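K.L.:
Pasting a structure below so you can have a look.
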Amino acid sequence: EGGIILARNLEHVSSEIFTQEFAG
Amino acid sequence: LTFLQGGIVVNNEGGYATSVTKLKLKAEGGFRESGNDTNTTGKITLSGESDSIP
Amino acid sequence: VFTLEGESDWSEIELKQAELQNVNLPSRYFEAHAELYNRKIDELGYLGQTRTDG
Amino acid sequence: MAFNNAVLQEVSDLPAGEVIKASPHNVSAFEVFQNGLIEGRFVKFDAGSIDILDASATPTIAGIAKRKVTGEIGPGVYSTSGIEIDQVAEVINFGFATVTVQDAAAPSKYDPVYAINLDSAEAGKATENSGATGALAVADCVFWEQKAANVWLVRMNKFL
Amino acid sequence: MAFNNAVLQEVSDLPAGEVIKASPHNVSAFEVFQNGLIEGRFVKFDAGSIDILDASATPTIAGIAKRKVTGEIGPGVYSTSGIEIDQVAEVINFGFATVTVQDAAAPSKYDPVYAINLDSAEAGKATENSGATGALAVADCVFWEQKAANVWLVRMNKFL
């Protein structure tokens with residue numbers, strides 16, 4: 001039934017973290 | 001104290017996460033009677049399910 | 001000469017929950033403190049200090 | 001809650017929406033489809049999209065919604081726009097494939113398959129009884145053998 | 001014309017008479033044919049020979065004439081008695097195959113395939129228009145997807 005892979009493992013949360021940027 | 005003497009193992013794997021999710025894989029299918037040179041109509045495959053405890 | 005002082009606090013719980021995302025929450029607060037100091041130094045030389053009451 | 005069915009009496013056979021690849025077989029990818037497309041069911045082709053059987057004039061049965069082994073754990077469902085997004089609808093249109101059957105149905109080998117054509121949960125379920133409500137004669141397809149509980153491996157003689 | 005389409009902003013898509021091997025396919029060699037058999041076209045079996053469709057009434061349509069990819073540069077034509085001689089008329093008769101579509105035809109997926117049963121260069125060309133002149137239904141054959149200019153992947157469901 002359905003599948004074998006848990007949903008959250010079908011998503012790769014990127015290791016690169018993007019900091020918020022503000023005016024110069 | 002009687003719990004841990006009952007035999008229930010203590011599992012220190014959950015880390016610091018707010019919930020632990022366990023997943024179970026079941027083999028579903030069946031072997032079918034075959035001849036020397038035929039096409040098998042029985043297939044072994046996998047299915048799964050999950051549970052979560054906070 | 002006037003002084004500006006700002007705090008930042010966390011807990012071991014949220015420290016480790018942030019480490020779950022490979023985020024160093026203490027280091028991230030230190031970077032944020034340095035960045036806000038730079039931004040305030042930039043703003044004080046352009047718009048000066050606005051008092052908290054407007 | 002806990003894992004369902006701690007101990008099963010017998011090893012369940014093939015789940016619905018599965019295709020045996022020993023025999024000649026074709027599963028063909030359709031990119032556009034309907035959200036909530038139940039796997040292991042007959043699926044129709046309408047307006048250039050693979051969607052669930054529902055009461056219509058004479059739906060174009062395009063085959064059996066293939067169950068993805070490496071899909072999201074959960075109900076057999078094809079999803080769009082989620083963490084469980086399924087890019088294409090994998091549909092089995094040739095060969096031996098497993099389809100759910102109506103719980104009332106008691107089919108047998110070489111019986112003409114009938115799909116269910118209703119706007120209900122029973123949409124796309126197979127059956128032998130032709131007097132069943134919304135029984136649509138699927139062209140050139142026969143029940144082959146009972147795989148699982150309420151799941152039958154049928155044979156599509158030609159492409160669907 | 002000299003090297004039509006000097007530069008293309010996209011790679012040309014699949015030509016006709018080309019069968020995809022990813023699915024259950026069959027191209028079956030017929031050792032006798034007619035001179036002037038166009039590759040990527042519906043051929044017919046008559047009097048023990050493969051030949052281009054003509055004014056006949058109820059031709060037994062073999063299938064798409066396979067395009068000999070390492071045949072002759074030029075028109076996709078089978079030819080006897082030349083340096084451009086093809087010994088056997090290999091003919092695609094099962095599965096997904098590309099056929100030239102009539103220049104005026106606008107088909108879509110799962111549309112029944114009608115072949116132009118005419119005596120012309122438009123013989124054997126596939127069209128969705130039943131009302132078109134000199135066309136007969138190629139039963140158990142549907143359109144799948146527009147590959148190239150006036151070329152479509154169709155599906156021969158049974159051995160054609």
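Residue names in the structure tokens use chain letters A, B, ... in the order shown, residue numbers from 1 in each chain, and ligand numbers from 1 in the order shown.
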Over all C-alpha atoms, paired in order, superpose chain D onto chain E by least squares and report how large the RMSD is in Å.
P.N.:
0.8 Å
K.L.:
Write out as a list in words each polymer residue whose atoms come within 12 Å of residue 8 (chain A), counting only C-alpha atoms; drop sequence neighbours fewer than 3 positions from it.
P.N.:
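These residues fall inside the cut-off: residues 4, 5, 11, 12 and 13 of chain A; 21 and 50 of chain B; 71, 72, 73, 82, 83, 84 and 85 of chain D.
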K.L.:
Up to 9 Å from chain C, what residues of chain A turn up? Count only C-alpha atoms and give them as number ranges by chain.
P.N.:
A: 15, 17, 24
K.L.:
I need the chosen residues saved as a PDB file, in the first residue's frame, with N, CA and C atoms.
P.N.:
```pdb
ATOM      1  N   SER A  15      21.953  22.024   2.361  1.00  0.00           N
ATOM      2  CA  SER A  15      22.891  22.358   3.424  1.00  0.00           C
ATOM      3  C   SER A  15      23.271  23.827   3.396  1.00  0.00           C
ATOM      4  N   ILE A  17      22.835  27.549   3.683  1.00  0.00           N
ATOM      5  CA  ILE A  17      21.893  28.402   4.393  1.00  0.00           C
ATOM      6  C   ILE A  17      22.040  29.811   3.846  1.00  0.00           C
ATOM      7  N   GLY A  24      22.848  48.195   1.797  1.00  0.00           N
ATOM      8  CA  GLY A  24      24.284  48.244   1.961  1.00  0.00           C
ATOM      9  C   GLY A  24      24.730  49.238   3.015  1.00  0.00           C
TER      10      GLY A  24
END
```
K.L.:
Set out as CSV a contact list for chain B and chain C with a cut-off of 10 Å, giving each residue of chain B that qualifies its closest atom pair and distance in Å to one decimal, counting only C-alpha atoms, ordered by chain and rising residue number.
P.N.:
```
residue,atom,partner,partner_atom,distance
B:15,CA,C:20,CA,8.8
B:16,CA,C:17,CA,6.0
B:17,CA,C:17,CA,6.7
B:18,CA,C:17,CA,8.7
```
K.L.:
Compute the chain B side of the contact with chain D at 9 Å, counting only C-alpha atoms, and hand it back as a list in words.
P.N.:
residues 23, 24, 26, 27, 28, 29, 30, 38, 39, 40, 41, 42, 43, 44, 45, 46, 47, 48, 49, 50, 51, 52 and 53 of chain B
K.L.:
If we count only C-alpha atoms and set the cut-off at 12 Å, which residues sit around residue 32 (chain C), ignoring sequence neighbours fewer than 5 positions away in its own chain? Please answer as a VMD selection string.
P.N.:
(chain A and resid 19 to 21) or (chain C and resid 6 to 8 24 to 27 37 to 40)
K.L.:
Between CA of residue 113 (chain E) and CA of residue 51 (chain E), what is the spacing in Å?
P.N.:
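Interatomic distance, CA of residue 51 (chain E) to CA of residue 113 (chain E): 19.0 Å.
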K.L.:
Within 8 Å of region 124-139 of chain E, counting only C-alpha atoms, which residues show up once you throw out same-chain ones fewer than 2 positions away? Write them as an mmCIF file with N, CA and C atoms, in the first residue's frame, please.
P.N.:
```
data_model
loop_
_atom_site.group_PDB
_atom_site.id
_atom_site.type_symbol
_atom_site.label_atom_id
_atom_site.label_comp_id
_atom_site.auth_asym_id
_atom_site.auth_seq_id
_atom_site.Cartn_x
_atom_site.Cartn_y
_atom_site.Cartn_z
ATOM 1 N N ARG E 41 4.969 4.834 -42.814
ATOM 2 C CA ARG E 41 3.660 4.897 -43.437
ATOM 3 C C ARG E 41 2.948 3.576 -43.201
ATOM 4 N N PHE E 42 1.629 3.627 -43.100
ATOM 5 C CA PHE E 42 0.859 2.402 -42.950
ATOM 6 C C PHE E 42 0.924 1.593 -44.233
ATOM 7 N N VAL E 43 1.355 0.342 -44.129
ATOM 8 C CA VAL E 43 1.399 -0.556 -45.270
ATOM 9 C C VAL E 43 0.282 -1.577 -45.118
ATOM 10 N N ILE E 52 1.970 -0.532 -50.598
ATOM 11 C CA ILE E 52 1.385 0.746 -50.232
ATOM 12 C C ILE E 52 -0.122 0.696 -50.429
ATOM 13 N N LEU E 53 -0.843 1.364 -49.536
ATOM 14 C CA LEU E 53 -2.295 1.380 -49.612
ATOM 15 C C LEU E 53 -2.737 2.012 -50.923
ATOM 16 N N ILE E 61 -4.102 -4.299 -42.896
ATOM 17 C CA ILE E 61 -3.013 -3.363 -42.649
ATOM 18 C C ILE E 61 -1.983 -4.041 -41.758
ATOM 19 N N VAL E 99 4.504 7.526 -37.249
ATOM 20 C CA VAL E 99 3.945 7.524 -38.593
ATOM 21 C C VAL E 99 3.738 8.966 -39.032
ATOM 22 N N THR E 100 3.986 9.239 -40.313
ATOM 23 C CA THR E 100 3.680 10.556 -40.854
ATOM 24 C C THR E 100 2.183 10.797 -40.812
ATOM 25 N N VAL E 101 1.809 12.006 -40.438
ATOM 26 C CA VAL E 101 0.414 12.376 -40.289
ATOM 27 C C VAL E 101 0.056 13.321 -41.421
ATOM 28 N N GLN E 102 -1.182 13.219 -41.892
ATOM 29 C CA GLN E 102 -1.632 14.056 -42.991
ATOM 30 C C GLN E 102 -1.434 15.526 -42.647
ATOM 31 N N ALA E 105 -4.033 17.280 -40.631
ATOM 32 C CA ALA E 105 -4.601 16.586 -39.484
ATOM 33 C C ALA E 105 -4.108 17.186 -38.175
ATOM 34 N N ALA E 106 -5.018 17.285 -37.207
ATOM 35 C CA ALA E 106 -4.726 17.832 -35.883
ATOM 36 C C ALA E 106 -5.177 16.821 -34.837
ATOM 37 N N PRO E 107 -4.376 15.788 -34.589
ATOM 38 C CA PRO E 107 -4.797 14.745 -33.652
ATOM 39 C C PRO E 107 -4.400 15.038 -32.215
ATOM 40 N N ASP E 111 -6.556 9.284 -29.653
ATOM 41 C CA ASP E 111 -7.456 9.444 -30.788
ATOM 42 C C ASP E 111 -7.318 8.256 -31.726
ATOM 43 N N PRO E 112 -8.419 7.610 -32.110
ATOM 44 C CA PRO E 112 -8.320 6.468 -33.024
ATOM 45 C C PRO E 112 -7.623 6.864 -34.315
ATOM 46 N N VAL E 113 -6.760 5.979 -34.802
ATOM 47 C CA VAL E 113 -5.929 6.273 -35.964
ATOM 48 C C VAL E 113 -6.641 5.789 -37.216
ATOM 49 N N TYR E 114 -6.873 6.705 -38.146
ATOM 50 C CA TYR E 114 -7.378 6.387 -39.466
ATOM 51 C C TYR E 114 -6.248 6.556 -40.468
ATOM 52 N N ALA E 115 -6.113 5.595 -41.371
ATOM 53 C CA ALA E 115 -5.091 5.639 -42.403
ATOM 54 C C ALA E 115 -5.732 5.996 -43.733
ATOM 55 N N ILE E 116 -5.027 6.803 -44.520
ATOM 56 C CA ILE E 116 -5.536 7.257 -45.808
ATOM 57 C C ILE E 116 -5.392 6.119 -46.809
ATOM 58 N N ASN E 117 -6.515 5.501 -47.163
ATOM 59 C CA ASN E 117 -6.529 4.346 -48.054
ATOM 60 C C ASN E 117 -6.750 4.843 -49.484
ATOM 61 N N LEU E 118 -5.767 5.591 -49.971
ATOM 62 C CA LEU E 118 -5.865 6.265 -51.256
ATOM 63 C C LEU E 118 -4.732 5.821 -52.170
ATOM 64 N N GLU E 122 -0.153 10.510 -50.536
ATOM 65 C CA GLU E 122 -0.803 10.573 -49.238
ATOM 66 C C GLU E 122 -1.342 9.231 -48.787
ATOM 67 N N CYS E 141 -5.554 0.974 -32.803
ATOM 68 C CA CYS E 141 -4.391 1.826 -33.027
ATOM 69 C C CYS E 141 -4.804 3.246 -32.687
#
```
K.L.:
Write out as a list in words all residues of chain C that backbone DSSP assigns to alpha helix (DSSP H).
P.N.:
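Listing alpha helix (DSSP H) positions across chain C yields residues 12, 13, 14, 15, 16, 17, 18, 19, 25, 26, 27, 28, 29, 30, 31, 32, 33, 34, 35, 36, 37, 38, 39, 40, 41, 42, 43 and 44 of chain C.
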